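Peer 1: Protein sequences appear in the order of chains A and B. FYI, the numbering for the first sequence is 598 to 652, going by the UniProt record's numbering. FYI, the numbering for the second sequence is 1040 to 1094, going by the UniProt record's numbering. Pasting a structure below so you can have a look.
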Amino acid sequence: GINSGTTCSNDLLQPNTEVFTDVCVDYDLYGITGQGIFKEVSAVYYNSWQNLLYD
Amino acid sequence: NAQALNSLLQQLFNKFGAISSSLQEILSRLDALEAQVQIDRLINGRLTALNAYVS
């Protein structure tokens, strides 16, 4: 099944690198694109499937 | 004053008849040549919103 199917490689560029603070590093995770500075804050109370949080 | 500023900022997240409100999304999924006439209505809608707010 050349160039048609469901299961295959996904070696393209993805926003999964060594994230760090002190600069608003571009984020493109969970279908959300924006600009902001990351801050290390402990948050263990999240659910097993919960990934984000809104205001 | 806070409600007016929040409502004005909420106008940026409005769809205005478009597929999405984020600028990167409309400038990324759509082609840079066929999206000019489609982004023109969004830009004039935001501009008339600014005119109504300043009035």
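Using N, Cα and C, we set each Cβ at its ideal position, and we do this for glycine too.
Is the Cβ of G633(A) closer than 9 Å to any Cβ of chain B?
Peer 2: As a first step, residue 633(A) must be located in the first sequence, where it is residue number 36. Output row for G633(A): interface = no.
Peer 1: Under a CB-based cut-off of 9 Å, is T604(A) close to chain B?
Peer 2: For the purposes of this step, residue 604(A) is identified with residue 7 of the first sequence, where counting begins at 1. By this cut-off, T604(A) is not an interface position.
Peer 1: Straight-line CA distance for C605(A) to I1058(B)?
Peer 2: Residue numbering aside, residue 605(A) sits at position 8 when the first sequence is read from its first letter. Residue numbering aside, residue 1058(B) sits at position 19 when the second sequence is read from its first letter. Rounded to the nearest angstrom, the two C-alpha atoms are 30 Å apart.
Peer 1: When burial is assigned at 16 or more other CB atoms within 10 Å of the CB, is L1081(B) buried or exposed?
Peer 2: Taking the first residue of the second sequence as position 1, residue 1081(B) is located at position 42. That one is buried.
Peer 1: Which of helix, strand or coil does DSSP assign to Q632(A)?
Peer 2: As a working mapping, residue 632(A) is identified with position 35 in the first sequence. Strand at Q632(A).
Peer 1: Give the DSSP bridge partners of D623(A), in chain order.
Peer 2: What you label residue 623(A) is simply residue 26 of the first sequence in a count that begins at 1. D623(A) is bridged to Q632(A).
Peer 1: I'd like the list of long-range same chain contacts for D1070(B), defined as Cβ closer than 7 Å, with 5 residues on each side in sequence excluded.
Peer 2: In the second sequence, residue 1070(B) corresponds to position 31, counting from 1. Excluding positions up to five away in sequence, the list is empty.
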